[PDB]
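# Notes for the structure review
So the chains spell out like this:
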Amino acid sequence: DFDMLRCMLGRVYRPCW
Amino acid sequence: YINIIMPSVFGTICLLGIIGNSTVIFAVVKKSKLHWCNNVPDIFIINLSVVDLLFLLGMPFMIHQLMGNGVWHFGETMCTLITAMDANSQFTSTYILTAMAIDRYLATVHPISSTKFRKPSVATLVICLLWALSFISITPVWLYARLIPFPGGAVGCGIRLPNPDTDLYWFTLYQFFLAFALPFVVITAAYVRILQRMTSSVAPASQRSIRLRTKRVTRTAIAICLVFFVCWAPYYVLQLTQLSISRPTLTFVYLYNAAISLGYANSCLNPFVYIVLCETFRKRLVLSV
Amino acid sequence: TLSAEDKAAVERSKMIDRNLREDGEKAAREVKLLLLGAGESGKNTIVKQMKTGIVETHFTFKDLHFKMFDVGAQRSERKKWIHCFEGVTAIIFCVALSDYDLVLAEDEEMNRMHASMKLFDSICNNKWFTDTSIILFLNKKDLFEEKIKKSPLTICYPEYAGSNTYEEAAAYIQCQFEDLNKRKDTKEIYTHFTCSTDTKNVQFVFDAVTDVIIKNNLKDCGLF
Amino acid sequence: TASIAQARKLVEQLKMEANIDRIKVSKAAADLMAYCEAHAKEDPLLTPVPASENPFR
Amino acid sequence: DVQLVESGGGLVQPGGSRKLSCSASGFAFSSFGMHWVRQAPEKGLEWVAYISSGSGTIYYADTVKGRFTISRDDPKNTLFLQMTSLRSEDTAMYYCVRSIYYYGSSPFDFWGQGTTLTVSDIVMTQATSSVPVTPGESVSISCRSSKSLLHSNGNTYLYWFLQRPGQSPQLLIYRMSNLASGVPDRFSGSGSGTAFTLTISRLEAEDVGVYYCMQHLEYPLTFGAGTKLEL
Amino acid sequence: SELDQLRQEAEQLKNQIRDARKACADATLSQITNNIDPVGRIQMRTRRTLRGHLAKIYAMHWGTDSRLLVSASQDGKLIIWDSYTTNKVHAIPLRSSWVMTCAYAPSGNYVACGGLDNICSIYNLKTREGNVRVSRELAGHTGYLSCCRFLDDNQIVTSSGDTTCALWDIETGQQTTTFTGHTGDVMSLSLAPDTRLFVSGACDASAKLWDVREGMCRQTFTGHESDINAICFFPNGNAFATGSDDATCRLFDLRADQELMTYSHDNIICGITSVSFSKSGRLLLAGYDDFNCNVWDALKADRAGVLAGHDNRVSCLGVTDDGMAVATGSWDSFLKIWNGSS
C-alpha cells in the first residue's frame, strides 16, 4: 500500500524527469 | 485485489520455474555416463537451467521493492550487487539460449563437418565465455545501481545515470539490442534454416516418417521462438515506450509490472519446453515417476 | 579421509576415465553399418566396392569413417545375436531383383524373392530395429531387365497386373518391400538400384547415413 | 547314411540317461529347503547385516 | 625385462646443480608412479621425491623441497630429478623406484641400481643395528613407528626392504603382510599398530643384509634406521 | 526300415524317462515349503553406480574376493571395478566390440571374454610390465561365444552358438573336450561348486548336465517353452535354475532329474536374461527385459522384491561369494551394486 507511480528503468526504479 | 494479484503472479512463476529447472538439472546429472563425453546438447541444457534457476532464486530480492511498500530493505551495497546479479542472469540465459540454437544449427545443417569442433570441452569453453561476455554487458547496470530518495521517508534501489536526460537512451537501447533484438534474430534465423535443411536429399519425403519428423520439429522450433518472443517483447516494448513517457500512469505501472513477470516466466517456461517437446527426455522422466 | 595409496588409486581411475572418454568420443564419430542379405544376392559384391565369426570392414568416404559388419558366417539363430547390433547407424539390406523367378536350392519349392521378403520383414519389423533406418539395395537391376522380357513378373507376384517393362515391374518390387515396413513412423527405408559396375553405391549410403545422423542429432538436441 | 548314424547315437544317449538313479522329489525338495535354513543367518541379502559391518555403506 | 638405469651422478661443487635421469625399459613406465630414494654413505634410505602417473601429483621431501624438481617424459620412458644448490648433505646414492597404485598392487616392487652423487613426519625406529645370525636359524626383526600405520580401510602401510651388500633394495613385504612376487615364502611379515616384526624362517646365506622398514601411510615416506644381519 | 525302427525305440526311451520322473514325483516343492515362513519384502538400495561404460553392458562377473568385478560392454572395453570405492582398477580394450560374455578367474589372475568373433580371449591381470595383456585366444567354436567360466588358471569351459560346449587347456590353446548333444544355440553355462560338473541351457528349450572329466551328457532337463537364456547352479550344487524367453524361471534338481518349481507372474511377459542365487540359495535374483530385476523366493515362488533402477534391459547380474552384494548390468550402460540395510 503505497504511491505506485514511480518511474522505472529495467526491473529497478529511476528518478523521474 | 491489486496487492494480492501481483505477489501471487511472481510467486507462482518463481515456484513453478524452480520445480522445472531443478527437474532438468537432476535428470541430466543422473544420465551422465562419462563427464564431458559426447554430451554437447546436455551441457547447454544444464547450463541454461542453472542460469534460469539463478534468475528465479534472485527474483524475490529484486521485486520486494515493488509489491509491499516500494522500499529497499537491503542497503546500497546489496542494491548494486543484487541488481547486477539479476541482470547477469537474464543476459546469461539469453546468451545460452542463443548458443543452444547455434549448436542445434550446426548439429543439423553441418552434421559431418561440425563433429570436428562440437566437443564437450569446446562447449564448456563457450558457456564459460558467455558468462564473461554477460559480465561485460551488465557493467553499466552496477556502475549506476544506487539508492533513490523518493518523496517521503522511503528509498528504493534503482539506476542513477550521470545524465538521466541524455543517458537514458543508450542504456535502454543497448539492453534492447543485446538481450532481445539480436538473440531473437539469431534464434529465429537458426531454426528456420534447420527446418529447410533437416533432411537429406536422399530421404523419401513420401514416407510418413519423414513428414512426421518435419511436423514435430516445426512445432518445436515455433514454440522455442514464440516463448522467447512472448515472454520478452512486452517487457522491451514498454521499455522503449517509457522513453517518451515522463509521468507514468497507474495503467502503465500495472502493465510494466505484468511485463516484468513475463520476463521471469521465460525462465519458468524454458525447462518445460524441453520436458514436453523432447520425447526422449519426457519418456525417461515418466519412467522415473 | 583417503590414505596415500587410496588417493593414488583414485587418480589412476580418473586416468582411466580420461582414456575411456577419449575413445568414446572417437567411437561416436564413426558409422556402424549392419550388412544383411541372402546368399548370392550381391552382398559380397557390395564389400568389393566399399573395401572368424563376424567380418568387419572399414572404409572412408568424405571425412566419414564407416564400420560395416558382415554376419553371413553366423549360421546360428539370428534372433539371439541380432540385438547386439541395436544402435547401428543403418542396415544395408541386399535383395537380388533377378532372383524372382528362381527358387531356393535347398527348399526347391519356395521362391527366392519371397525368402528375401520374409527375411526383410523379419528384420524391418524386429523389435530391436524399431527406429533403425534400413538401406535397401536392389542389386542386379540390369539382369532383371533381361528376365522381365522373357519371364513375366506374374510368376513371383500373381496379384501383379502391370506392364511387362523394367520401369514398371522394378517399381512394383520396390513398393512391396517398403510395404512390409510395419512401423512407418519411427524408421525410414532408403531404396537404391545398384549394379556390378555402378559407382554411386557408396554415395547413396553416405547420403542415407547423413540423414540418420541428422535424425539422431535432432533427438539428442531435444528438437524431436 | 547320416540320419541312420545319428539315430543310433540318440538312442544310445537316451539309454545312459534312463539308467540313472533318481530320488523322490520330497527327498530332493527337503535338501534344498534344509540347506537354506542352515545358511540363512550368514546370507547378507536375505538378512541384512548391520551398517557397521556392511562394506557398501 | 624390467630395468631402471640411473645416470647423471658424479662429483659436484657446493652450491652447484646436477641433473639425474632414470631410463625405464621393459614395463609400462607411463602407468607407474616413480620415486627417488637416496642413501647417504654408511647410512639408511631417505625418500626424496614422488611423481604420480600422468604427472598429476608431485611430492617432495622437506629437506629438499624448493631445490629439487622431479619430472617424467612418458614418450621417452625417462624420469628426471633436477637438483639445484647442492649441499654436503646431498652426498648420497640416488635410486629410481617404480610403484603402481591400485587395489591389490605392490608399490616399491622394483628399484633401480642407483647413481652416486658426491658433493665436496612418522618416525620409524630400528634400535637393533646388528644381529649375529647363523644359517638355518629363525630370525625376527623389529620395527617401530610413532603413529599407528593401520588405516581405517584395514590396510597397514608398512613395507620391508632387503639391501644385500653391493645391491639395490628389494621389496620383501608390502602392507606389512603380503609377500612380494619372486620372494621366497620363508619371509613373513607380522605386526599390529605401531610395532612390527619380520620373520625369516630357515635363514640362508642370501638373506644376509640390512633390512629397512618404510611407512606409506602418509607423506613424507620415512625409513627406519635399518637392521643388519651378519654371520 | 532300420531308420524307422530306431526312431520308434527313441520314443519308447523318452516315454520310459517320463514315466520314471512321474514315479518319483510323490510331492511338490511348493507343498514341502508351504509350512515355512515367507522372507517378506526384500528391500535393496543402489549403494554404488559404476559409470564409464558407453554402450550396452552384456556381461559381468564377480571376483572371488567379493570386491573386484569385471564387466563387458559393447563399447569395446573390458573394465575391472573396485566395487567398494567405484575405482576402475583396469580397462582392457577388446579387439571385437561384440562381446557377449566375460569371466573372472577364481585365482584373480585372469579374465576371459568372447562374442560374435567365436573366440575366448584370456587376459593376464598380473604382469611385471604392469599392463593387462592377451595371454590366449581360444579358437575352435564355429558360433558366437555365449558364456565362459574358469575352473582354474589352466582350464576354462565355454558355450557357443554352434550347439556345443568345450573344455579348453589354456596352456596349449586346444580344447581337450567337446560337449555335444544340444540341437540349439547354447546361451549360458554354470560350473558346479566343486567344478566337476556343469549345466548348460540352449535355444532348444532344454538343459543338460555334463561331466567335465568324462566329457559326456549325464542328464537332460526339459519343460521350458522357449529358448533358455540364463542358467545358474544352486549353492550346494544339487540344483540349478534357468531363465527363458517364456517369462518363466524354473528350478531343476539333478538327483530328482525333474523340475521342482516355476517362477513366473502374469504381469511378466518379457524374456529373462540373467539369473543368480543368493549365498544361502533362498533368494533367486532374475533379470528381465522390462528394465527391472525381480527377487524371487526360490522355495515359495513369490516375488520377494524388485531391483528397479535401470533405464533399459537388465542383461546381467551376479551375487558375491560372501553374499554381501548383488551387481546388475544393463543396456543403459550402468552397473549398480545392491544390498539391504538393517
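Residues numbered from 1 in each chain as written, not as in the entry; some residues may be left out. Chains lettered and ligands numbered in written order. Heavy atoms only, no water. Residues with missing side-chain atoms left out of burial classes, pairs and counts.

Method information in the entry identifies cryo-EM as the source of the structure, with 2.78 Å recorded as the resolution.

Taking the PDB entry as the reference, chain E is identified by name as Antibody fragment ScFv16 belonging to synthetic construct. This entry's official PDB title is "MCH-MCHR1-Gi complex, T2 state".

Going by the annotation in the PDB entry, the name recorded for chain D is Guanine nucleotide-binding protein G(I)/G(S)/G(O) subunit gamma-2, with Homo sapiens given as the source organism. As stated in UniProt under Function (literature references left out), the record for chain D gives "Guanine nucleotide-binding proteins (G proteins) are involved as a modulator or transducer in various transmembrane signaling systems. The beta and gamma chains are required for the GTPase activity, for replacement of GDP by GTP, and for G protein-effector interaction." According to the UniProt record, the Sequence similarities comment for chain D is "Belongs to the G protein gamma family." (UniProt positions renumbered as here; feature names shortened; annotations may be inferred.)

### Thoughts on the overall build of chain D
Secondary structure summary: chain D contains 2 helices and 0 strands in total. Against the compact-globule benchmark of 10 Å for 57 residues, chain D has a radius of gyration of 23 Å, which places it well outside the compact range. Along the first, second and third principal axes, the C-alpha atoms of chain D reach 70 × 30 × 10 Å. Counting all 57 residues of chain D, 35% fall into the buried class. For chain D, the distance from the average position of its 8 positive side-chain charges to the average position of its 8 negative side-chain charges is 10 Å. (Helix = DSSP H or I, 4+ residues; strand = E, 2+ residues; numbered from the N terminus. Rg over C-alpha atoms; globule rule 2.2 N^0.38 Å. Buried < 20%, exposed > 50% of the residue type's maximum accessible area, 1.4 Å probe, protein only. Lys, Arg positive; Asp, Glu negative; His and termini not counted. Charge placed at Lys NZ, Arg CZ, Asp CG, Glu CD.)

### Observations regarding the overall build of chain E
When helices and strands are counted, chain E shows 0 helices and 21 strands. The C-alpha radius of gyration computed for chain E amounts to 17 Å, which stays within 12% of the reference 17 Å derived for 231 residues, consistent with globular compactness. If one aligns the C-alpha atoms of chain E with their principal axes, the spans along those axes are about 50 × 40 × 35 Å. Counting over 231 residues, chain E shows a buried share of 52%. Summed over its atoms, the accessible surface of chain E is roughly 9,600 Å², and 47% of this surface lies on carbon and sulfur atoms. Mean positive and mean negative side-chain charge positions of chain E (17 and 18 charges, respectively) differ by 5 Å. (Areas by Shrake-Rupley, 256 points an atom, 1.4 Å probe, with all protein chains shown as cover.)

### Thoughts on the sheet that holds strand β13 (residues 174–180) of chain F
Residues and elements named next belong to chain F. In spatial order, the strands read β10-β11-β12-β13; together these 4 strands make up an open sheet with antiparallel pairing. At either end of the open sheet lies a strand with only one pairing partner, and these are β10 (145–150) and β13. Each adjacent strand pair in this sheet contributes to an overall mean axis angle of 20°, direction not counted. Pairing between strand β12 (residues 164–169) and β13: 6 bridges, direction antiparallel. Residue pairing across strands places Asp 169 opposite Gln 174, the latter belonging to β13. (Pairing = 2+ DSSP bridges. Axes fitted to C-alpha atoms, helices over the stretch in contact; angles between N-to-C directions.)

### Section: the state of the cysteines
A covalent bond bridging the sulfur atoms of two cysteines is what the word disulfide describes. All names here are of chain E. Following the criterion strictly, the structure yields 4 disulfides over all chains and no others. Two residues share a disulfide in this structure: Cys 22 and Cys 96, whose sulfurs sit 2.0 Å from each other. Across the S-S bond of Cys 22 and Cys 96 the torsion is about -85°, and the bridge reads as left-handed. Of this pair, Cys 22 sits in strand β3 (residues 17–25) while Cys 96 is found in strand β9 (residues 92–99), placing the two residues 74 residues apart along the sequence. For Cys 143, the disulfide goes to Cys 213, at an S-S distance of 2.0 Å. (Disulfide = S-S within 2.5 Å.)

### Some points on the interface of chain C and chain E
Across the boundary between the two partners, chain C contributes 11 residues, which contact 20 residues of chain E. Taking both partners together, chain C and chain E bury about 1,000 Å²; carbon and sulfur atoms supply 49% of that area. Of all residues in chain C, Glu 5, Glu 11 and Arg 12 of chain C bury the most surface against chain E, accounting for 49% of the area lost on that side. Applying the counting rule to chain C against chain E returns 1 salt bridge. In this structure, the salt-bridge partner of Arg 175 of chain E is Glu 5 of chain C, at a minimum N-O distance of 3.2 Å. (Contact = heavy atoms within 4.5 Å. Buried area = accessible area lost by both parts, 1.4 Å probe. Salt bridge = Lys/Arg side-chain N within 4 Å of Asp/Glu carboxyl O.)

### Considering helix α1 (residues 2–23) of chain F
Compared with the 32 Å implied by 1.5 Å per residue over 22 residues, the 32 Å span of α1 of chain F between its first and last C-alpha is a close match. Among all positions in α1 of chain F, only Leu 6, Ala 10, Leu 13, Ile 17 and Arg 21 of chain F are buried. Viewed end-on, α1 of chain F has its buried residues packed into an arc of 75°, placing them on one side of the element. When the buried face of α1 of chain F is taken as reference, the exposed residues oriented beyond 90 degrees from it are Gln 8, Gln 12, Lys 22 and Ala 23 of chain F. The inward-facing, buried residues of α1 of chain F contact α1 (2–18) of chain D together with β17 (217–222) and β21 (258–263) of chain F. (Expected span 1.5 Å × (residues − 1). Arc of directions from axis to C-beta.)

### Let's talk about the arrangement of the chains
Considering every one of the 7 pairs of chains in contact, the largest contact total is recorded for chains D and F. Separated without contact, chain A and chain E have their nearest C-alpha atoms at a distance of 47 Å.

### With respect to the interface of chain F and chain D
Facing 64 residues of chain F, the contacting portion of chain D comprises 41 residues. Here chain F packs against chain D, burying approximately 4,400 Å² in sum over the two surfaces, 70% of which is carbon and sulfur. For chain F, the biggest contributors to the area lost against chain D are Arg 255, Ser 280 and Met 324 of chain F; these three give 14% of the whole. Connecting chain F to chain D are 3 salt bridges. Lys 15 of chain D is paired through a salt bridge with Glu 9 of chain F; the nearest N and O atoms lie 3.8 Å apart. The interface formed by chain F and chain D includes 17 residue pairs in polar contact. Take the side of chain F that touches chain D: its biggest share by element is 12 residues, from α1 of chain F. Its residues placed into classes, the side of chain F that touches chain D shows 33 nonpolar, 16 polar and 15 charged. (Polar contact = N/O pair within 3.5 Å; in protein donor to acceptor, adjacent residues only side chain to side chain. Nonpolar A, V, L, I, M, F, W, Y, C, P; charged D, E, K, R; others polar.)

### Examining the packing of aromatic side chains
Summed over the entire model, instances satisfying the criterion amount to 66 aromatic pairs over all chains. Taking 4.8 Å as the distance between ring centres and 5° as the angle between the ring planes, the aromatic pair formed by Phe 59 of chain C and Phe 66 of chain C counts as stacked. Each member of the pair, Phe 59 of chain C together with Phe 66 of chain C, is buried. For the ring pair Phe 56 of chain D and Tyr 84 of chain F, a centre distance of 5.0 Å and an interplane angle of 85° mean the geometry is edge-to-face. Separated into two different chains, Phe 56 of chain D in the segment after α2 (25–38) and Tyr 84 of chain F in the loop between β4 (77–82) and β5 (87–93) make up a pair that spans both. Using a relative accessible area of 23% as the deciding quantity, one classes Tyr 84 of chain F as partly exposed. The ring of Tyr 13 of chain A carries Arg 6 of chain A above its face, with NZ or CZ at 5.2 Å from the centroid. Between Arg 51 of chain F and the ring centre of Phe 334 of chain F, over which it is positioned, the NZ or CZ distance is 4.9 Å. (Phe/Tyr/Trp six-rings, centres within 6.5 Å; stacked < 30°, edge-to-face > 60°. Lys NZ or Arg CZ within 6 Å of the ring centre and 35° of its normal.)

### Describing a positive patch on the surface
Residues and elements named next belong to chain B. Taken together, the side chains of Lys 215, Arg 216, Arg 219 and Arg 282 present a region of like positive charge at the surface. When residues in the positive patch are grouped by element, the largest group, 3 residues, is from helix α8 (residues 208–241). Within the secondary structure, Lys 215 is located in helix α8. The exposure class of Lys 215 is exposed, given its relative accessible area of 57%. (Patch = residues over 30% accessible without salt bridge, like charges linked within 9 Å, V, L, I, M, F, W, Y side chains within 5 Å.)

### Topic: the side chain of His 53 of chain F
Residue placement: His 53 of chain F occurs in the loop between β1 (45–50) and β2 (57–62). A polar contact is formed between the side chain of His 53 of chain F and the side chain of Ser 71 of chain F, at a distance of 2.6 Å. A distance of 3.4 Å separates polar atoms of two side chains, one belonging to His 53 of chain F and the other to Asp 75 of chain F. Apart from the residues within four sequence positions on either side, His 53 of chain F is in contact with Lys 33 of chain B together with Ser 71, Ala 72, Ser 73, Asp 75, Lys 77, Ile 79, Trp 81, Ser 333 and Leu 335 of chain F.

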